[PDB]
Amino acid sequence: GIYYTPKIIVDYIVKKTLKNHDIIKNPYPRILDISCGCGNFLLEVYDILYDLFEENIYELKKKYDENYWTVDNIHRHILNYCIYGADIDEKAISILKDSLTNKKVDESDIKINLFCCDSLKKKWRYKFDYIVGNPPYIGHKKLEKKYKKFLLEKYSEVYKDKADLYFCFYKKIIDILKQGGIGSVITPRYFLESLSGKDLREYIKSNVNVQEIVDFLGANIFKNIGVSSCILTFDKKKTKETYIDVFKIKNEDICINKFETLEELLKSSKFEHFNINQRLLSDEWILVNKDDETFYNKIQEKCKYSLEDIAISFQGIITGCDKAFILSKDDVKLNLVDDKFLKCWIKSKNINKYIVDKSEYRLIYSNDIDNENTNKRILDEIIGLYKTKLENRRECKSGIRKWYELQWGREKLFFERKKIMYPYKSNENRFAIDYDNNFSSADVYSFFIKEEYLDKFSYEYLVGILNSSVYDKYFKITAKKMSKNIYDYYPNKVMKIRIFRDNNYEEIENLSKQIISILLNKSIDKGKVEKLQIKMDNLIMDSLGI
DNA sequence: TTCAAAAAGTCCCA
DNA sequence: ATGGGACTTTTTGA
Ligand SMILES: OC[C@H]1O[C@@H](n2cnc3c(N[C@@H]4CCc5ccccc54)ncnc32)[C@H](O)[C@@H]1O
Ligand SMILES: [K+]
Ligand SMILES: [K+]
């Protein structure tokens, strides 16, 4: 339940909020960690504060109560007035209390402002100058359902649907940050692009000035943790310019301890820096350099259609228990299943550019099983081996589905037709024409072209441009970066891809057909495909004027 | 009735 | 062991 932030990042975040604090003008800064754990951030805040007071102790002594400002009194003053922390874990607070106490070697006891509580429910009696830390990340599946009711009712401005718990910590931190205060936190990066984070992005943009965003993309910041990180620094200062510094990593393979400090890494060639006008952020935050922005805007202005305009999108089958319904095509159990019940089944790894690998699995479309007495053998010997787990699906407990039915079987006729399929998570654009009525789970998305757009766009033309290097770069500008070399390819962004028709349509389509013809050969010469792709990329770059 | 989003991913190996 | 790569289920709110 407790996660250790790397020391190099903790030091950076504390320095970010405190390095320019005028301790002479305000010797009572309130610094808060809203989920402080064992005190990774707060113990470093202590050290930074102690040097700050000690370096200026005589100036404080002269300006203020000279009996109060002595070096021997710095420890007590820091704990009474400056350091605040809250965490749900009682043991961690106890350890942090000891660590703060042991900063100096009984006299009258010193009150330490540490609270064991739910920070999202605490009645905070005052605002804070500086707020730092690493909040909990809990998504919609791992969050207890009784708690979501409170979040949906009290944090509705940032928390709906598939939002994350750390959205609410952003809201709490902002709300209790003083005027002129500064906050700096490390959270997942996904809210920067995700559909769920739209409301949170709106809340940040209109309530604070975002000073800086450090985007680590798919780098592994937390050892043995499958998460992708970013650092946000923001303030409530009266400013006029409100430009954001964006530091975006260039190589996801770096080990974070390259230098003694993080700011050395940010200035190095391992990162790129650029500025974004906060006032120009739409509901989407497009955080790219001027070359990429110029590139993105050209494509948007040139393309008159989007995929959503011309296509019908849908998510794949969700059986609710794949082991009950999915069998290898050579499994002897399939002799028990009438072939009218069997569908070809593919995984995301089966989707290549332009074409799908031949399927090795079969789906039992159990929705078409009329009743339990007529296909008893299928139920008793195949599906019923998982009857307990099948019965625990939500729609079976409510009686909407029979225990042997697919949870979300969708419409068969959507799959049993010519269509385009693509993996839900990939390192690159992989859009394939499906000729074989393939079904799939939710790791593969599909679409088909609307009837009224068939005479403007063909499937062969679409996989041509969509698989091109231009469109690979174009999609990744705004795509959701998930983990190292993985982007989400979900309809909420894939269907926003814009497309064009011009004089190059026929040659692009013809090149795509040549590629498809070679790829479907037995003795395929993969080499010529790459040359045809290079030729097609040139046509597309000519078409879009890049 | 029934859509689609969600990585403190998950699991394996050298 | 740890770090790094291949690959991706079904729960869930709306
Ligand atoms: O993971 C980083 C650190 O965050 C701490 N942490 C976790 N959840 C909280 C929290 N409220 C949450 C909101 C949802 C909920 C439900 C039940 C109980 C608590 C809470 N408030 C303060 N600290 C909290 C952990 O202990 C860890 O050291
Ligand atoms: K004085
Ligand atoms: K990562």
Side-chain angles (χ1 to χ4, degrees), chain A residues 1 3-6 35 37 134-145 148-149 151-152 156 159-167 169 186-191 193-198 216-222 224-230 252-256 312-326 346-351 367 386 389-390 392-401 405-411 414 423-427 430 440-447 480-495:
Chain A
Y3 297 87
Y4 172 78
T5 308
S35 56
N134 182 16
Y137 327 155
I138 308 177
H140 79 101
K141 288 194 183 192
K142 300 173 180 178
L143 195 54
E144 214 221 31
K145 215 146 298 176
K148 286 189 213 174
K149 173 181 181 293
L151 292 183
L152 290 171
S156 60
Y159 190 93
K160 322 161 315 183
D161 209 352
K162 310 307 195 299
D164 196 288
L165 178 66
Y166 77 85
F167 294 11
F169 278 76
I186 176 171
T187 69
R189 60 170 317 286
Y190 311 116
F191 78 97
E193 304 129 333
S194 74
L195 178 58
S196 302
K198 187 179 73 77
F216 296 105
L217 295 181
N220 302 277
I221 297 300
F222 298 87
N224 290 106
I225 298 297
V227 81
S228 286
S229 307
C230 76
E252 302 181 316
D253 284 321
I254 51 93
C255 275
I256 211 185
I312 304 284
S313 167
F314 56 96
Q315 186 171 64
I317 308 285
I318 298 183
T319 76
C321 187
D322 272 4
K323 290 184 305 289
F325 305 105
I326 305 304
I346 60 172
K347 308 306 296 178
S348 64
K349 66 176 172 185
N350 298 143
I351 310 283
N367 291 2
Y386 301 86
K389 187 61 212 65
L390 287 165
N392 213 264
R393 301 174 297 173
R394 180 183 72 183
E395 277 64 29
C396 297
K397 287 178 294 176
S398 66
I400 288 177
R401 295 280 185 270
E405 287 177 331
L406 306 179
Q407 190 158 10
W408 306 117
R410 322 292 200 182
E411 268 278 5
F414 269 43
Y424 81 139
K425 281 163 166 55
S426 179
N427 66 308
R430 290 149 53 196
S440 72
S441 183
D443 62 332
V444 177
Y445 286 98
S446 309
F447 67 83
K480 184 183 177 190
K481 188 51 185 272
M482 298 303 298
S483 55
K484 192 184 289 186
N485 301 308
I486 293 287
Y487 298 79
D488 262 16
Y489 283 78
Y490 284 39
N492 66 81
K493 287 190 184 304
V494 166
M495 293 290 116

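Below, chain A is the first sequence line, B the second, and so on; all start at residue 1. The figures that follow rest on heavy atoms only: side chains count, while hydrogens, waters and symmetry mates do not.
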Which listed nucleotide ([options]) is nearest to the side chain of [X]?
{"X": "A:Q407", "options": "C:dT12, C:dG3, B:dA4", "answer": "C:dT12"}
{"X": "A:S441", "options": "B:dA8, B:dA6, C:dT9", "answer": "C:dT9"}
{"X": "A:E395", "options": "B:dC3, C:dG3, C:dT12", "answer": "C:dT12"}
{"X": "A:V227", "options": "C:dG4, B:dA8, C:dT11", "answer": "B:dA8"}
{"X": "A:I486", "options": "C:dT11, B:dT2, C:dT8", "answer": "C:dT8"}
{"X": "A:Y490", "options": "B:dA6, C:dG4, B:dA7", "answer": "B:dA6"}
{"X": "A:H140", "options": "C:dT8, C:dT11, B:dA7", "answer": "C:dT11"}
{"X": "A:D164", "options": "C:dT12, B:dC3, B:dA7", "answer": "B:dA7"}
{"X": "A:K142", "options": "B:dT10, C:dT8, B:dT2", "answer": "B:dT10"}
{"X": "A:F222", "options": "B:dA7, C:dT12, B:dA8", "answer": "B:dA8"}

Less than 3.5 Å between a donor and an acceptor, one on the side chain of [X] and one on the base of [N], is that the case here?
{"X": "A:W408", "N": "C:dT12", "answer": "yes"}
{"X": "A:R189", "N": "B:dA7", "answer": "no"}
{"X": "A:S196", "N": "B:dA6", "answer": "no"}
{"X": "A:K141", "N": "C:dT10", "answer": "yes"}
{"X": "A:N134", "N": "B:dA8", "answer": "yes"}

Could you tell me if the bases of C:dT9 and C:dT8 meet the stacking criterion, namely six-membered ring centres under 5.5 Å apart and ring planes under 30° to each other? no
Handout entry: Six-membered ring stacking of B:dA5 and B:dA6, under 5.5 Å, under 30°
Key = yes
For A:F447 and A:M495: C-alpha separation, side-chain torsions, deciding distance, then whether side-chain contact (heavy atoms from CB on, under 4.5 Å) applies. CA-CA 9 Å; A:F447 67 83; A:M495 293 290 116; 3.6 Å; yes
Q | A:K347 with A:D443: basic N within carboxylate O range, under 4.0 Å | A |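 So A:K347 pairs with A:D443 through a salt bridge.
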key: Mate of C:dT8 where both pairing distances stay under 3.5 Å, Watson-Crick or G-U   =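 The answer is B:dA7, by the H-bond criterion.
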Paired to B:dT2 by Watson-Crick or G-U wobble criteria (both distances under 3.5 Å) is C:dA14
So for atom NZ, which belongs to A:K149, do other residues, nucleotides or ligands contribute more than 12 heavy atoms lying within a distance under 6.0 Å?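 Count not over threshold, so no.
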Pick base, sugar-phosphate or nothing for [X], based on heavy-atom distances below 4.0 Å to the nucleic acid.
{"X": "A:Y190", "answer": "base"}
{"X": "A:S194", "answer": "sugar-phosphate"}
{"X": "A:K425", "answer": "base"}

Using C1'-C2'-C3'-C4' (north if positive, south if negative), B:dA5 puckers south
Interatomic distance, [X] [atom1] vs [N] [atom2] [rounded to whole Å]:
{"X": "A:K149", "N": "C:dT12", "atom1": "NZ", "atom2": "P", "answer": "18 Å"}
{"X": "A:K148", "N": "B:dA6", "atom1": "NZ", "atom2": "P", "answer": "13 Å"}
{"X": "A:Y159", "N": "B:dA5", "atom1": "OH", "atom2": "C1'", "answer": "12 Å"}
{"X": "A:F169", "N": "B:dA8", "atom1": "CZ", "atom2": "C1'", "answer": "13 Å"}
{"X": "A:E411", "N": "B:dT2", "atom1": "CD", "atom2": "P", "answer": "8 Å"}
{"X": "A:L195", "N": "B:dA5", "atom1": "CG", "atom2": "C1'", "answer": "8 Å"}
{"X": "A:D488", "N": "B:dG9", "atom1": "CG", "atom2": "P", "answer": "16 Å"}
{"X": "A:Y166", "N": "B:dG9", "atom1": "OH", "atom2": "P", "answer": "14 Å"}

**Request:** Let me know, please, whether A:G316 or A:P135 comes out on the 5' side of the other along DNA chain B by nearest nucleotide.
**Result:**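 This one resolves to A:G316.
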5'-most contact on DNA chain B (nearest-nucleotide basis), A:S313 vs A:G139, goes to A:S313
inquiry  = Using the P atom as the point on both nucleotides, what is the distance between C:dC7 and B:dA7, in whole Å?
reply    =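 Per the computed distance, 23 Å lies between those P atoms.
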| query | P atom, B:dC11 versus C:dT11: distance in rounded Å? | reply | 15 Å
One pair to check against side-chain contact (heavy atoms from CB on, under 4.5 Å): A:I351 and A:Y445. What are the steps and the verdict?
CA-CA 10 Å; A:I351 310 283; A:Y445 286 98; over 6 Å; no
Taking for each residue the nucleotide of DNA chain C with the nearest heavy atom, is it A:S426 or A:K484 whose nucleotide lies nearer the 5' end?
->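 That would be A:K484.
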Closest non-hydrogen contact found for A:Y137 with A:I186 is OH-O, 3.4 Å
A:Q407 and A:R394: side-chain donor and acceptor closer than 3.5 Å?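 No.
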Between A:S35 and A:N134 (side chain of the first, backbone of the second, donor and acceptor by atom type, cut-off under 3.5 Å), is there such a pair?
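Side chain of A:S35 to backbone of A:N134, a donor-acceptor pair under 3.5 Å: yes, one is there.
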Q: Could you tell me whether the side chain of A:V227 reaches within less than 4.5 Å of the side chain of A:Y3, counting heavy atoms only?
A: no
